[PDB]
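Enquirer: I'd like to ask some things about the structure below.
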Amino acid sequence: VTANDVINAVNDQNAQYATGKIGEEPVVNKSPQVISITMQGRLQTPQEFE
Amino acid sequence: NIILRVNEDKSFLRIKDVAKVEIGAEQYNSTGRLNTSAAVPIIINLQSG
């Protein structure tokens, strides 16, 4: 491994990204509810950075 | 006609093949009505002071 490798992995695996909503319009068949998709990419504990 | 890939038969895969393009609107989330009919509502907030 090289330091640069570690930098790249932490950038990618410790970030919060954008995920949309399910059932949002324009949809031909109407869905009763719009449900936002949530994600926690950021890592809270060190046993997750390890 | 934006080209995603050249299929080696010099056939160009394009957006037309994998998707449908149209001029729509950025957000379809909210609308507005005046009385019973549709209208665009322009809300004005006063500058402080």
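Chain labels run A, B, ... following the order of the structure tokens; each chain numbers its residues from 1, and ligands are numbered from 1 in the order shown.
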When the cut-off is 9 Å and we count only C-alpha atoms, which residues of chain A are near chain B, given as a ChimeraX atom specification?
Expert: /A:24-26
Enquirer: Please produce a file of those selected residues containing N, CA and C atoms, as a PDB file, in the first residue's frame.
Expert:
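What follows is the written file again26.pdb:
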ATOM      1  N   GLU A  24     -41.810   9.617  -6.794  1.00  0.00           N
ATOM      2  CA  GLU A  24     -41.968  11.010  -7.180  1.00  0.00           C
ATOM      3  C   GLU A  24     -42.373  11.143  -8.640  1.00  0.00           C
ATOM      4  N   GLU A  25     -43.191  12.138  -8.958  1.00  0.00           N
ATOM      5  CA  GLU A  25     -43.667  12.338 -10.330  1.00  0.00           C
ATOM      6  C   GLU A  25     -42.599  12.907 -11.261  1.00  0.00           C
ATOM      7  N   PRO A  26     -42.688  12.611 -12.611  1.00  0.00           N
ATOM      8  CA  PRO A  26     -43.806  12.185 -13.472  1.00  0.00           C
ATOM      9  C   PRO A  26     -43.949  10.679 -13.602  1.00  0.00           C
TER      10      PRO A  26
END
Enquirer: Could you tell me, as a list in words, which residues of range 8-43 of chain A DSSP assigns to alpha helix (DSSP H) when given the backbone?
Expert: residues 8, 9, 10, 11, 12 and 13 of chain A
Enquirer: Could you give me, as JSON, numbers by chain, the residues within 8 Å of residue 39 in chain A, counting only C-alpha atoms and dropping anything in the same chain fewer than 6 positions from it?
Expert: {"A": [16, 17, 19]}
Enquirer: Take the residues from that selection and put them in a file with C-alpha atoms, as a PDB file, in the first residue's frame.
Expert:
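So the final result, stored in part12.pdb, reads:
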ATOM      1  CA  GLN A  16     -22.438  11.110   2.137  1.00  0.00           C
ATOM      2  CA  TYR A  17     -23.894  11.051  -1.353  1.00  0.00           C
ATOM      3  CA  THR A  19     -29.997   9.294  -3.454  1.00  0.00           C
TER       4      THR A  19
END
Enquirer: Could you check the closest approach to residue 40 in chain A for each of A:2, A:14, A:28, A:8 and tell me which residue wins, using only C-alpha atoms?
Expert: A:14
Enquirer: Quick one: pick out all strand (DSSP E or B) residues within chain B from a backbone DSSP run and write them as number ranges by chain.
Expert: B: 3-6, 12-14, 33-34, 37-38
Enquirer: Quick one: residues within 12 Å of range 4-8 of chain B, only C-alpha atoms counted, chain neighbours fewer than 4 positions away excluded, as a ChimeraX atom specification?
Expert: /B:12-19
Enquirer: If I take CA of residue 12 in chain A and CA of residue 38 in chain A, how far is one from the other in Å, to one decimal?
Expert: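 Interatomic distance here is 17.4 Å.
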Enquirer: Can you tell me which residues surround residue 49 in chain A at a distance of at most 10 Å, considering only C-alpha atoms, apart from same-chain residues fewer than 3 positions away, and format the answer as an MDAnalysis selection string?
Expert: chainID A and resid 9:10 13:14 42:46
Enquirer: Show which residues sit within 7 Å of residue 22 in chain A, as a VMD selection string. Count only C-alpha atoms, and ignore same-chain residues fewer than 5 positions away.
Expert: chain A and resid 34 to 36
Enquirer: At what distance in Å, to one decimal, does CA of residue 7 in chain A lie from CA of residue 47 in chain A?
Expert: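 Distance reported for this atom pair: 17.3 Å.
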